[PDB]
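All remarks here apply to the structure that follows.
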Amino acid sequence: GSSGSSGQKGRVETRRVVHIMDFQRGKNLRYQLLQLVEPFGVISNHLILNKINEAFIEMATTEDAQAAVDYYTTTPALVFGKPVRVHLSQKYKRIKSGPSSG
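FYI, the working numbering numbers position 84 of the sequence shown as 79, with every residue one higher than the one before it.
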């Protein structure tokens, strides 16, 4: 509906981290969250929170992270057949795993 273009979204070239929220859990959860950004570019790193339904996935480029969120802000993102939220993090930087089990 309505005319094309007629405006532009606010964007920044700082950071490369896709924030994902509101997900259902299961044995393939790491994979399900990666598949929201795997077709969009090169995965650099990932982090899945235990205490709350939050996850952070760092792309090798800002354009790779921006392309995933530009699609998933309008298109419904899903995990385990249930809806989720997909945005860029203004907090997160270079992701790194904890020692042993982490």
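Think of the CB as a built atom: it goes at the ideal place given N, C-alpha and C, for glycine as much as any other residue.
The beta strand (DSSP E) spanning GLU49 covers which residue range? 49 to 54
Buried or exposed, going by whether 16 or more other CB atoms sit within 10 Å of the CB of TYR67? buried
Closer than 8 angstroms by C-beta to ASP17: which residues in its own chain qualify, once you throw out the five before and the five after it? Chain order, please. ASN48, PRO78, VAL79, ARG80
Along the beta strand (DSSP E) that carries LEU42, what are the first and last residues, could you check? 38 to 43
Does the pairing of the region 18 to 38 with the region 3 to 10 give three or more beta-carbon distances under 8 angstroms? no
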